[PDB]
Structures are given as structure tokens and as C-alpha cells.
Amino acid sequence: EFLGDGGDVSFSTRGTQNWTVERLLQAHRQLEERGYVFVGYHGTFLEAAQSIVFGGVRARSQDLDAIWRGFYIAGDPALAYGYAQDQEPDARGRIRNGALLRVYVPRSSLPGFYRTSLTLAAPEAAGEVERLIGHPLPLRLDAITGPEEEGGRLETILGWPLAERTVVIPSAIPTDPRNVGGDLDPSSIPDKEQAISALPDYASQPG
């Protein structure tokens, strides 16, 4: 269990149940002690969050012809924050807020984390991403980080294999239930979570 201790954890529109900053600091420390490292944030819907935290991240019927298929995450919680919410309305018409997740991989996989300046989603980068990872896309036991789009913030795409080997836990960064769609407010990020959120240094040259 990597959730530290303190009573069952759940995801609510109300806030994440039983997940203080303090518990976060304990669970992080313990993940490092077992040789895991933090690589980014992942925002998504409550139902989804629960699944990932209790059951882990798992691909499921991907489009095999989809060369950028993977698990997207982001170093900057703000960028992740944007996906932290229902993507479609419930029957009544409500679009509730989501949750922010902290993604960790076995430190033993860093050798496969690369970076580029080109912008991911298009073909011009494909060749260069492939150049950096040593084999044609999609990514597999490797990950690429680069600008979400020209001048945008950076996103990270863990290939499905690697993704399935992550360990995800709650963030102490809450989504706002009364401002769904707003941008993450920098002062709502715990100073202590900020301390344990540096990213590893990714390679820019192939191996």
C-alpha cells in the first residue's frame, strides 16, 4: 500500500476524503524509500481517480494504429488541473469537478524518460521522438516530455507499458467545486507539496 496510513481514501466532489498534506508527505517519503520517483501530475474524473489509485493505471482497448497512445501527465499541476473534471454532463446537466493525481514510477525506469523541444501530437516530432527512444512509436517502456503545443506548458506521455507500472496517489491540491473550469489557483497548492514535487532530469539525447 502506498497511501500512507489514516483511514480509507476516496474521491469526492466535496474534496478528497482522508488525505491531509501530512499524510501526503508520509506516503511520498515511503515511495522514495522503495525506489520510486515522482514524474508528474495527472488530472481526471472522480470515478477515474478511484480506479487508478485502487487498481492502478491500465490501458484498455487502445487504437493500435494510434501512434501517440499513452498515459499523459504533467509536471505542472496547473496543466493537469485542466482535465480534472467530467468531460460530459450527467443526465441532469451537471459537470462536476475532478481530482488531481500524483504519478510515480519505479526509479528503475528513468533511463527511458526523454525530452524534446518539438511539440508532441504531430508528425514532425514523431521522427525525433523515435530517434530519442530508439524504436518506432508508440512509446513502450519509455516516456517523452515536450511542449503541449507551441509555447504551451509541457506534457509527459508515458507509454502504456511504463504507465501500467506506475503507482499513483492523491494530491493535496484540491479542485474547486464552485469554479469548475477556472484555472488552478497557485496559492491553493500546499507549500509542502511543492517541496516534494521536483521532476527528474530527462535526457535530450538517445541512449
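From 1 onward, residues are counted along the sequence shown.
Colleague: Going by the average Cα B-factor in the PDB entry, point out whether 131 to 139 or 76 to 84 comes out higher.
Modeller: The deposited B-factors put 131 to 139 ahead on the C-alpha mean.
Colleague: With respect to the recorded C-alpha B factors, which stretch has the higher mean value, 28 to 36 or 178 to 186?
Modeller: Comparing 28 to 36 with 178 to 186, the higher average CA B-factor belongs to 178 to 186.
Colleague: Specify which of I95, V105, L101, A121 carries the largest Cα B factor in the deposited PDB entry.
Modeller: The listed residue with the largest C-alpha B-factor is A121.
Colleague: By the entry's C-alpha temperature factors, tell me which of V21, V9, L199, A195 sits highest.
Modeller: Spelled out: the listed residue with the top C-alpha B-factor is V9.
Colleague: Based on the entry's values, in what third of the chain does the Cα temperature factor of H42 lie: lowest, middle or highest?
Modeller: For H42, the deposited C-alpha B-factor lands in the lowest third.
Colleague: Name the third of the chain's ranked CA B-factors that contains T166, choosing lowest, middle or highest.
Modeller: Its C-alpha B-factor, which the entry lists for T166, ranks in the lowest third among residues of this chain.
Colleague: Tell me, lowest, middle or highest third: where does the Cα B factor of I52 rank within its chain?
Modeller: Its C-alpha B-factor, which the entry lists for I52, ranks in the middle third among residues of this chain.
Colleague: Using only modelled residues of the chain, where does the Cα B factor of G70 rank: lowest third, middle third or highest third?
Modeller: CA B-factor rank for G70: middle third.
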